[PDB]
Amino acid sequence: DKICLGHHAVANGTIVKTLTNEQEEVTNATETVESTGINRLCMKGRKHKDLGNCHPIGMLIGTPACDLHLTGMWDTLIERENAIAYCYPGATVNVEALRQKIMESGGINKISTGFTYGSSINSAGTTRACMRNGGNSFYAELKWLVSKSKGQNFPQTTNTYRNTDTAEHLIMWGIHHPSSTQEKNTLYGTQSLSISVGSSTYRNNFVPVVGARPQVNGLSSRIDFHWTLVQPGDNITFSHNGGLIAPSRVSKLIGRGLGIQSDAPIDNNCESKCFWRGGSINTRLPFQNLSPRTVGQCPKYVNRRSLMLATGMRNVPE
């Protein structure tokens, strides 16, 4: 008469790592590193905006590509690889800082500057480089100011925008840089050009400079874009001679949102809190090996294919 104590075993067992052994066999184990991701931006439950080929900067200045994204509300903002910011070629100062501010916002309202110009000014410059409805056009939120009489000196002008709102406003403008002496003369006159801009928190001077350059979108001219934040109650003033690309509206960034740069198409029928370039990560696991670049609420990135956590005893086969 015997009675014997024992444990179970399984025919085929899993190998895991311990402190004292790299090849320990156990009855069972699960993964702790996530390896599979969704190939979709899972936007269900999110007021998301997919920008398409509109670059965030273009929403502020009103590049044609961004006509559907001039104002709106969102809690998630998606930027795409092919995104266009400039139709009229140029560049923006502190552009990455401006992009990040836009990509952290929860929306944009637009507000008129109310700028008006005397009769010696043509405030409606257009160009082939900015087609809007099959016709020559220009940045929606800016006005290209040139002399109404082709070779004459652009008049000394002053324009002031008053932020009468309770939140700060973001105002942008441009400085035209002609590609020839003749072009400068026809647009603004032979006079020396000077453009200065000021608020309680900003003071600066700009001078259009002629220079030969490669054509971009057909033009050898450029615009330098600048921006600043006009505080509540504060006044910003433009004093100018020709060359100013003037704001017709200003921007107000509202609330907060999650910015995402991605390749993946949107799925509005699935939910996620973690995003990367290739889509979404939905997992309960603490670690992931898909990408070191994620935004949102994510498992930590680790340099490991697999990390098995034992869920059973040592497997001791018969």
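In this text, residue numbers run from 1 along the sequence as written.
- 134 to 142 and 68 to 76 differ in mean CA B-factor, and the higher of the two is recorded for 134 to 142.
- Between 248 to 256 and 22 to 30, the higher mean Cα B-factor belongs to 22 to 30.
- For the set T157, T190, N204, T160, the PDB entry assigns the largest Cα B-factor to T190.
- Going by the entry's values, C270 shows the largest Cα B-factor out of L51, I61, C270, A264.
- Per the deposited record, the Cα B-factor of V216 falls in the highest third when ranked against the other modelled residues of its chain.
- Split the chain's modelled residues into thirds by C-alpha temperature factor. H226 is in the lowest one.
- Ranked against the other modelled residues of its chain, the C-alpha B-factor of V295 as given in the entry falls in the lowest third.
- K47: CA B factor lies in the highest third for its chain, per the PDB record.
- Sort the modelled residues of the chain by CA B factor and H240 lands in the lowest third.
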